[PDB]
Each structure stands twice: as structure tokens, then as C-alpha cells.
Amino acid sequence: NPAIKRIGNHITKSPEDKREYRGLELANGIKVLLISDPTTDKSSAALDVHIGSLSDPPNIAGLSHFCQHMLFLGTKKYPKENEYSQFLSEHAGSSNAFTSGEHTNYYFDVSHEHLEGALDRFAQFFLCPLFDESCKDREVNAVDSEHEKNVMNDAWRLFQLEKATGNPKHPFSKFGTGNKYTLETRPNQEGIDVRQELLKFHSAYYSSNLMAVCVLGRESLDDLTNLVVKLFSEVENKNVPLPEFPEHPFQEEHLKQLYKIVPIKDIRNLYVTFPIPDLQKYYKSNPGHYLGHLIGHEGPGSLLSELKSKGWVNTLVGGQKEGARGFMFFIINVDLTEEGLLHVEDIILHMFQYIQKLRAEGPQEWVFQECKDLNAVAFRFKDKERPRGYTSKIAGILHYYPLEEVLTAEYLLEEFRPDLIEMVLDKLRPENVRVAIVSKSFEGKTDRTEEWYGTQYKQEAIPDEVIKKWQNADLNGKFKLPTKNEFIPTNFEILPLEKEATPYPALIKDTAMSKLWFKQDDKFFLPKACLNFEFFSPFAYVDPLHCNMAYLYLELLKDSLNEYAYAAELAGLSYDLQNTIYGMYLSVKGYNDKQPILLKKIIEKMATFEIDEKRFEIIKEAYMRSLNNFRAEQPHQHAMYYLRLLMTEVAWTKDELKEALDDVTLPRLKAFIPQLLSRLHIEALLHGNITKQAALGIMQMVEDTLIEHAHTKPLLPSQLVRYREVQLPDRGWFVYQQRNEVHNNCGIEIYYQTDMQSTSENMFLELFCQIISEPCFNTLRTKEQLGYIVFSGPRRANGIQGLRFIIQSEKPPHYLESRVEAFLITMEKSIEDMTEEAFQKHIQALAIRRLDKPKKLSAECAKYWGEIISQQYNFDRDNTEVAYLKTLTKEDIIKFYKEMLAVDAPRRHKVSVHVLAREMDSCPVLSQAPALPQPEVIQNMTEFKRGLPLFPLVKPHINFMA
């Protein structure tokens, strides 16, 4: 009563959302949204502090981010550096946090039965962080590593280069991540006791008046209230003024500027920016979004359309970009074709012509009304959120909207504002534009360097002569506003539940041409459906060349429908179409009303496709760069890539692919498509607000369309070939080594292949993985600090599984190899030493993780899809496997380890991929690392697979139907 300052009134929610809500402000001024969901299997809490990088003291960059890391390492109440993390994993929970320029958001989830234990521990982060001295030195490393991975990343480099091109005095120029230099090195060589700096900052800013909390669980709103009051009213209120940044970081001297940047990958991009006022307050009208919607439009008449037709650009992004309380930006970025790179001037001219067209037409309330009506539908039928994301999201926005509005606030438009719309529009002018071109062509031509990432760039002033030509931009007949979106749904009737309906997808069609799986939605009751289609054809992956074609074909098809599908896009109807090693994949997700129309359009197009000369050349050129650009991917990604190539029966490599690419000609492609489409087998899963007859017809309509235009006939059954995984030999150990020429770190994946998937083998691996999950992180990272990326878990492919570790670090692979091997022995002991309850706790957490039920249609659909793709069709796996899981004993897991994992194990199957750093030319191969044998260094992948047997495929769980 006196701990609570205010109780908001009914929190406006959708009539579909059955969760209970209560808004409220505490005495200390913390804003809170309580969420009651009696059915959730996992509860959640999140706290957003409205302070971040921008408030980073000038002499210690990234203190806010560092502080973020440190709170997870111990409090007075719970001293153990890993007490928080360990408590979550043991109770099926997870957690994380992030830091932005004005916020620090911490969140977690845990089994619904441990919200308190969880939340209690969590609250200490904001009451008594210990900021231990030993944890501080260790963790400064993790941060450094995090920043390390970002250095060779084009996105991060441009993100910071912007901050560096504006007013240096503005806190916007700050380096938010920090690293070893700014967080330890420099501080030292300047006499700074960081543990104090952390303590300082935390006390100065973690004031209750600047915090929002969101908690969700099965407890009653009343119970949730007491709970939050109990653990949070004790957070002190130092009435700290919320940082404001009136006055744009981009001032006059920063306008009419041109920057030429050299990228890491081979990409071509034009970045156009305009400084705009902070539009956040205008959330009920959203003038910036109106302009974003139009300028960003991709349908007929749109700017993107003309820019694409002149073959200058391929994609476009327009709209308002966020800055901070006090300033925002309005951007328009397009990628560039080769020709496009030479018409940047003209491209920007068109941009100003389209904008001029907007001025000429003036606000358009029907467009507002359309966006408004759409958004209304969106909110009503919004899918239920996974609790963690939801709590995290509400927590952050509680800082911007009235308790009552925190839900509807970002979805419901309320007021039409011609005035605002015209105000922002008036800022999209040549006199205050910023232009940035990103091209390798600038290699050598630059004369400046961004200090933090090392970005190569030159700066010029845009010639008043040119600025002038842009102001004179007059209307262009190629530009027309969009017309009424005929794709907007209107039918939301949720069909009654057919009596013969079932709990799992049913096989309702089994023919040479197609195997149709179907399930009518029996739990989410939203006017949506998922139409998933698997197209099988040997000619999609038959050889490198055909792979490039299957890809280019589908990519050109998507390009043609783009302009037509953009509408369906904005209307909650979208499709995913891509080539696979088995042929093709198509998925249509969204409101069911208009799906059949889009589907039919998609299939009809792919069966009667006519390739454009110019589009083919442009797309191909990009595909080339795309394959090449893999060399700029992170080490650990390279590691996973290679291990995938090595363990799979068939697998063309990016080198092979780009080699075969030149041989792909327009004629050649035109011939490929019909051959691809001539013989197929389709396996589909239709799931949602749809009936069995509706579904059978969709399946028949697809089949029929193909038959009529591609004369497609059935694939033979024996032709339905699946690839196998290479069978490693008992007690073997191979090492395949490569070098990452861009990044300056090492990567590594170690895979201990066990056996074919199966109820028993599966759980043995899953329980063991559950048990070592946090310990691994805690050991290889928290303690040993090997690097930012440290992962462990099961590996599942081609029906086979195993335990694997992935690490990206500065230390050499062979070194990581040792520490891991060591960690393995540490776990063996740990397992012998843990109490029986400890063990049972782990079983329970695994169980809860597996039995967690999907909250939305796409989620449930996906689990099914997987059983189908894997041809295992084990739709009841979770109940079965958990049942079995509960039967395991500390003894079983020890046996499984001794037999499959232990360094001296009889059936240890070990493969390693070492990806060396840029600087290391070559290289070899506290805890006690078991003495390792002599690995057999893989010289050639083809040879490697030839000399080993291949496993069999898993036997399909016969789903007797008709």
C-alpha cells in the first residue's frame, strides 16, 4: 500500500490475449507490468535501466556495457560468481542482457516453479553487485573478445564510422562496446581503480526512478504484485535526471557531406541520411512511418521499382532510424549494381524526385487509414510471445508509454497528422543530406581511418553545383503512389473443429506425386495458416553447376514476384522460397484468407517462368560476390562450414560453386528449369485455420498447376535419395586445418560422433549435454576466458548425432583442444561427485525444456516440419523421450561417457576443425588435459570420405494412415 505509488487501470490488450495484466508504479518510482499466465511452463522477469553507452564516462569507454557483464558475477546476498547462471540451468532457465545507447536490459526465464528463487537472485544485481576484483580482470577479456569479433564486420564498422563523422563533442561519437584497452590497459596506465568506477557508475545511475520491470508467471496478479514489491521496493531512488540530447549530433558542418568507404566484404552500397527531430512523442500518428512506408515502398510506382529497372539498385530501405532522446535520422539506403555505382548522382536525384512527388500530393489519409487498419488486425491476432522476449520488450517500452498503453502503444495509430507529415518531409532536402558510398573501388583512394575499427575512408563536400541540381528535382512520371492494397485480409472466421481432426499432423495423401501431411489448428485459434512444401528433384544438387542454377532460378523468380508480393507482405502474407540439396523449399505463412491466391501465383510463375536478360546478369554477378564474401565470415563459422563438408556424403564447396558459376549461361539456365520441373515428388504440411478439404485442394491445385505448365510427373521412390553422414572409426581422431584470411582469431569445432539417433542415444546425449552446459560456459569462458564465443551441445545431422564444442578465440586451436579435453575430465568427476538429487534436478530441467509447449502456430508447425524433413515423423517424440529420460541414472550417463566420450574410450569418434587466424602462418595439434594421441591430419576431403563407411539412414516412424 505505501510501497506502491500507483496502480494503472485496465491494461488494454487484445481480446484474443487470455493473459492477465496489471500496471503499477512503486514508491521508489520503478514502473512495473505484471503478467499472469496460469499455463506458462516457463516464467520470466526483465529489468530495463534507462542508462547506457551514451552515459559512458569519457575516460572509460564501455563502462556501462562492462558493468552489464559484471552484475552476473556475484552479489553480497549470493557471492558465487556463477550462482545466477547455475541456478537457472538447474531449473530450465536461461538469461542474457544487452546495452544500447540509452538502456541496459537484463532478463531471464526459468521453470514456472522457480520465479522467486530466480527473481530474488536477479534483484541483487541492482542492490549489491560485488564487482569482484578477480572477476573484473577475467571478464574484461570477454568484452575484448566480443569487440574483437566485430572489428572485421562491415556493419559494425559503418555503425561506428557514422558516430565518428558527426560532432566529436556529442556523446553520440562514443565507442559503446569497449575492450581490453579502454577497460583495463588505459585505465591502469592512468591510475584508475575500475572496481570503484564500476561501483561509482552503478550507484550514480542504477536509480529506481530510472527502472522498469516486467514479470510474468502463473501466479495471480495479486501474488505477482506482492512478489515484486518484496524484492524491489528496496531499490534506492537517487532521483537521477534522465539524459537528454537536444541538438543533433549532425550539425551544419556535417551536412552536404560525402564519404567513400572501403568495405571488408566486396559489397556496393549507397547510404543517404537526413537529420530529423525526435519523433518518438508523435507515436499516435507516426509521421516518420508514413514517409517510410511510401519512400520505402516496393510495389508498382515505387522509387525502388524505377531504380531497379535502370538496373542501378537491387534492394532499398527507407524510413526513420532511431538516434536517442532528442534526435533521429531518416535514411534511404540501397545496394548498388556495378552500373549503379556509376550513377549514384542520378540515383540520389530520383530519390529527391520521388520525395518531390510526395510534396506534390501532400498527406494522404487513405494511406494512413490503411496502415492503421492493418496495424489493428496485427495487434488483435498477434501471436503469443515466448515469455523472455516479451518481458524484455515490455520492460524497455515501459519507459515510453502510459502503463495502460504499453501493449497497444506500438501497434495502434490514432491520429492523422498532415502537419507532422509535412514537417518531417520538409527535412528530406538536398541541403541537409549526407551521402556515403561503400565500394572496394575506393581501395587506395582513401586518406582517413576510423580509430576503433580501422575503417579506410575519404571525405568530400558535395558540390553546391550538384546540391543545386537535386533541389531542382522535378516530378518524374515513373513515380506513382501505391494504390489500394487488394491483399488486405477481411475474412477472419475461425472454422469449427472438424470432428475427425487429430492432435498430430495426419497423412491425408500418399501418392507418387505427393505425400500431404495436415493438421487443423486445435489450440491457437487465429485466422492464420502455414503451407509448407518440399519439392524433390535430383537435378537441384546433382553437381555444382546445377546447384548454381537451382539457386539463380529461384532467386530470379523471387525478383519478378517481388513487386507483386510486397503488398501481400504488408498484409501479413509472406513466402519463403529457396533451393536445397534435395531440390526446393516453399513456405507460405500468414492470414489464411488470401494465401491460395499468393500460392497459386507463386506456383504458376515458377512453372512458366521467363528470365529477364538484364536481371540474370545482375543477380549472377551478385551471387559471385556472395560466394566470395564467405572468406570474410568469422572463423567459427568457417569451422562449422568445413565440418559440414567433411561429414556429409555429398556437398559441393563454395570454391567448386563459384568455379562452376561462369559456365552458367542464360541459354543453359532456360534449359535447366524445365528439366528441374519435369519430375518431382512433393511432401507438404498444411497447418492452421484450414480444413481437410481446403488443404487437399491446395495440394491438388499446386500439383495441377505444375502438371499443366511443366508436364511434371512423379519421381520414382528409389530416386528419393537422402545423404548419409561419414562413419568415423572406433578410437579415431582426425584434424582438418585451414586459415581465415580476414579475421585475426581462431575458430574450432570438435565433434565427438556417437551413434545413430534413437530414443536411448538421444537422451544419453541430451542429459549429458544438459549437465555440462553451464559448467562448460563457466569453465571455458567465465574462468578460463578462452573467448567470447564458447558453445557446447548436441550435433544432429543425417540421422546421426554427437557432442560438439565450438570456440572462437585468440589462443591457437591445439591449445583450445587441450582445455576442452581437460574440461571433459572435470565433468566426469563432477558427475561422480554430484548428489543423486543434483542428477534428478538435471533430468527435470531437460524434461521441462523439452515439454515446453509452443505458444504460436508457426512454432508448433515447425516442430512437425522437422519430424517430416528428417523423415523420422516422430510427432510424439517429446512425451516418449521425456518418459525414457526419467529412467536414466547417474550410472547410465557414466557408462555412456566411459564408452563414447572419455579420451581412452573404446568407441570415441573424434573430428576437429582448426581454423587459424590471419596472422598465424601455420600451427600444430589450471586443469589437467589428458595426454592426446597423434591426430590423422586430413589433407583432402574427397579422399577422407572415400576411405570411410557411411552410416545408414534412420528408419521412419510408420504413421499408418491413408
# chains A, B, ... in the order shown; residues from 1 in each chain; ligands from 1
call {"tool": "residues_around", "arguments": {"residues": "range 923-931 of chain A", "least_positions_apart": "5", "cutoff": "6 Å", "atoms": "only C-alpha atoms", "output": "PyMOL selection string"}}
result
chain A and resi 814+818+821-822
call {"tool": "write_last_selection", "arguments": {"atoms": "N, CA, C and O atoms", "output": "CSV table (one decimal), in the first residue's frame"}}
result
chain,number,residue,atom,x,y,z
A,814,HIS,N,45.1,-26.0,-31.2
A,814,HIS,CA,45.6,-27.1,-30.4
A,814,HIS,C,45.6,-26.8,-28.9
A,814,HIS,O,45.4,-27.7,-28.1
A,818,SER,N,43.2,-28.7,-25.9
A,818,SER,CA,43.7,-29.2,-24.6
A,818,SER,C,42.7,-28.9,-23.5
A,818,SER,O,42.2,-29.8,-22.7
A,821,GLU,N,39.6,-30.9,-23.8
A,821,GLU,CA,39.8,-32.3,-23.3
A,821,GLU,C,39.9,-32.3,-21.8
A,821,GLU,O,39.4,-33.3,-21.2
A,822,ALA,N,40.5,-31.3,-21.2
A,822,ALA,CA,40.6,-31.2,-19.8
A,822,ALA,C,39.2,-31.1,-19.1
A,822,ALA,O,38.8,-31.8,-18.2
call {"tool": "residues_around", "arguments": {"residues": "residue 104 in chain A", "least_positions_apart": "3", "cutoff": "9 Å", "atoms": "only C-alpha atoms", "output": "JSON, numbers by chain"}}
result
{"A": [47, 48, 49, 50, 51, 52, 53, 64, 65, 68, 97, 98, 99, 100, 101, 396]}
call {"tool": "select_by_dssp", "arguments": {"residues": "range 524-691 of chain A", "states": "strand (DSSP E or B)", "output": "count of residues only"}}
result
37
call {"tool": "residues_around", "arguments": {"residues": "residue 565 in chain A", "least_positions_apart": "3", "cutoff": "8 Å", "atoms": "only C-alpha atoms", "output": "compact mmCIF listing (two decimals) with N, CA, C and O atoms, in the first residue's frame"}}
result
# COMPACT_ATOMS: atom_id res chain seq x y z
N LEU A 561 8.41 -11.67 -58.81
CA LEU A 561 7.22 -11.53 -57.98
C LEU A 561 7.33 -10.46 -56.89
O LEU A 561 6.32 -10.01 -56.36
N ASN A 562 8.56 -10.05 -56.57
CA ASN A 562 8.74 -9.10 -55.50
C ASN A 562 7.71 -8.00 -55.44
O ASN A 562 6.98 -7.89 -54.46
N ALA A 568 1.18 -8.28 -50.42
CA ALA A 568 0.79 -9.37 -49.54
C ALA A 568 1.64 -9.34 -48.29
O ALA A 568 1.21 -9.74 -47.22
N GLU A 569 2.86 -8.87 -48.47
CA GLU A 569 3.82 -8.75 -47.40
C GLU A 569 3.23 -7.83 -46.32
O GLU A 569 3.03 -8.24 -45.18
N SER A 574 3.25 -13.77 -46.36
CA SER A 574 4.62 -13.81 -46.88
C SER A 574 5.04 -15.21 -47.29
O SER A 574 4.49 -16.20 -46.84
N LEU A 598 -1.83 -16.10 -53.39
CA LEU A 598 -0.39 -15.93 -53.49
C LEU A 598 0.26 -17.26 -53.91
O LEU A 598 1.11 -17.31 -54.81
call {"tool": "residues_around", "arguments": {"residues": "range 317-323 of chain A", "least_positions_apart": "4", "cutoff": "9 Å", "atoms": "only C-alpha atoms", "output": "MDAnalysis selection string"}}
result
chainID A and resid 101 172 276 278:279 288:297 304 327:334
call {"tool": "atom_distance", "arguments": {"atom1": "CA of residue 673 in chain A", "atom2": "CA of residue 559 in chain A"}}
result
15.9 Å
call {"tool": "atom_distance", "arguments": {"atom1": "CA of residue 87 in chain A", "atom2": "CA of residue 846 in chain A"}}
result
14.0 Å
call {"tool": "atom_distance", "arguments": {"atom1": "CA of residue 210 in chain A", "atom2": "CA of residue 28 in chain A"}}
result
9.6 Å
call {"tool": "residues_around", "arguments": {"residues": "residue 640 in chain A", "least_positions_apart": "3", "cutoff": "10 Å", "atoms": "only C-alpha atoms", "output": "number ranges by chain"}}
result
A: 635-637, 643-646, 747-750, 806, 913, 915
